[PDB]
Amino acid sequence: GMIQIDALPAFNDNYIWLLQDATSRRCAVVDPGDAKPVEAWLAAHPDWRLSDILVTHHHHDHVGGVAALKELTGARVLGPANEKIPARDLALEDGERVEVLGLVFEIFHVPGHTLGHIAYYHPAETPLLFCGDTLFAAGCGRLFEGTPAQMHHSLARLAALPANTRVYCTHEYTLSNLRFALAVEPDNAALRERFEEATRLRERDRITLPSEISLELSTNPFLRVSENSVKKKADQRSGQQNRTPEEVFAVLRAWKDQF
């Protein structure tokens, strides 16, 4: 019943989240862009079985080790539909539900970073959210394929999730994400507090994830495009009139793209 969730470091700033049912000794992984950290953990736990592989989007740092892990473990590969996903067994659509290690996960189609990006949401007293590269700790992904209108709508869906929902994004972008946020709201007391907190964690080389939606709603600039201060600094940066929250968002993402 109890599910331990641990990050396996990979590449420069990637985290391969490893979901663990230590009673049945079955484990799952999210976005294994490098199969080697997973193979090492499985070798160190030979009586365990990797049962499920969960993919968010088709990018190399998330599927690089999926094919080799399936041929090694036979795990079921869950992936987004309408994207090429190596060795994918189940193509996931918006609104569908899956059961991984006994936990039911809702599938949210979240366009923006990529056109077919999905997210895994588990409802409980403390919900869990695996959103890949869509929502980051005090940030969001770059618009490699989607439009700002798509990405804003996607983040708006995730922001409506319960306040204590745990955000398991992929990358260790928090310190850089907070530095940009200070340029949007230098007078945000909560954001200033969070920046000093993440500065200590990264100085000790400790993880900054998972985050909570409530903390994101109060410090993440891309989730605060309706705020008066953010909308005012948005017009300041572009020198225009951002009439809609989507336009406020489009300026912020283009601003961080060159920040």
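Note that residue numbering follows the sequence shown and begins at 1.
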| item | value |
| --- | --- |
| Residue stretch of maximal mean CA temperature factor, 187-195 vs 52-60 | 187-195 |
| Selected stretch [higher average CA B-factor]: 122-130 or 176-184 | 176-184 |
| Given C27, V30, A40, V230, the residue at which the Cα B factor reaches its maximum | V230 |
| Modelled-residue ranking by C-alpha temperature factor, third containing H109 | lowest |
| Entry-reported Cα temperature factor of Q240, expressed as the chain third it lands in | highest |
| Where the record places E247 (Cα B-factor, split into thirds across the chain) | highest |
| Position of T23 among the chain's modelled residues by C-alpha B-factor, lowest, middle or highest third | middle |
| Within-chain third of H153 by Cα B-factor, per the entry | highest |
